[PDB]
């Protein structure tokens, strides 16, 4: 009957929760981890992992259809089974569940399958029983928002996309963020007649202009239909087993599926926070200080639920550093949220870190900003007729030309960024790049040979 006591209770078994629980357990803490759905959270089950698998498949189909002849190959794709692709993808995710469970076991983590709700400042309830600890981590992540139009029951969010076991012949993606950009490129590369509709002149408005421009340009060249200045009005199911999505501008598209990515919301509703001193912002995100402390001593928060940078490695690092602080005496340790690198898996991929050109100009002024810009055809395309471009930009500030932003779009940029992120975090200048000998022949060398 008495509350079962632990040193640490982690609510949510996703990127942030698993990382924080494991690190606390490694340091000898008696840890309880609570997950209501599936171990691994969003990234493993309906996020980064399945997205990357599908991207890889779509890239493979594109390479085979377009780039093989130039290298002397006459290739025929006798069949493509989207169903088998999905089955293999899900079999890998099941394997990941096992890998994560073995990691948790190695760190002596005890787990509960169910949803937790606070019942006091240091007490939660799940499946009828109460548990208490002096340290509780909220790592509940987020979930998709609804489309909010008539016929939305016919549309699919990202979860709906992953639930697909057959590919639609025609599809309309609604949204301007990286999720819509990535998923649109995936079904398009796999052969669906693909439309991408977004509200303004351009999508990916938070990205550097070079990147938003080029993602659209590259997709448009390969045959994706772009519908800018398109606000959804309604989705109608017709008598012929198909849908018609109409926009406020009057245009319409007949399609087999509508997939939307119009924002996510934090999993703080029905968490019982009224029983704590944890404050939420207007959007429902948990307020935290630099140390991941909520407004109540004894409760912490990391990951998507705090509404800062919604990436798996951020949640992981925030969670690990938090456990080092609480259970390994690293009293002053915290995660720096500046200069976090991001890769977006468009076709080709995008790499970005630091400030956009417009943000740099606003912060430092035109007289203090110098932009280096490069555009070249990767050697990979030298033998075919399709000359896809790779575009790169370095944003430098002051006499010293300190790099405050680096952006690129092109084949292979997904693997080029990590090292440059290290150098930029260290305060790299244009001179530091220039003094590093190039590696030839690679696309990466173009970053250190810009004039």
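Positions refer to the first chain, counted from 1.
Between 366-374 and 168-176, the higher mean Cα B-factor belongs to 366-374. Comparing 289-297 with 227-235, the higher mean C-alpha B-factor in the PDB entry belongs to 227-235.
Looking only at 127, 88, 186, 101, the residue with the top Cα B factor in the deposited structure is 127. Within the selection 321, 146, 347, 97, the deposited Cα B-factor values reach their highest point at 146. Among the modelled residues of its chain, residue 389 has a C-alpha B-factor that falls in the highest third, as given in the PDB entry. In the PDB entry, a CA B factor belonging to the lowest third of its chain's modelled residues is recorded for residue 414. The deposited CA B-factor of residue 28 belongs to the highest third of values across its chain.
Per-chain ranking of the deposited C-alpha B factor places residue 399 in the highest third. Ranked within its chain, residue 352 lands in the lowest third, by CA B factor from the PDB record.
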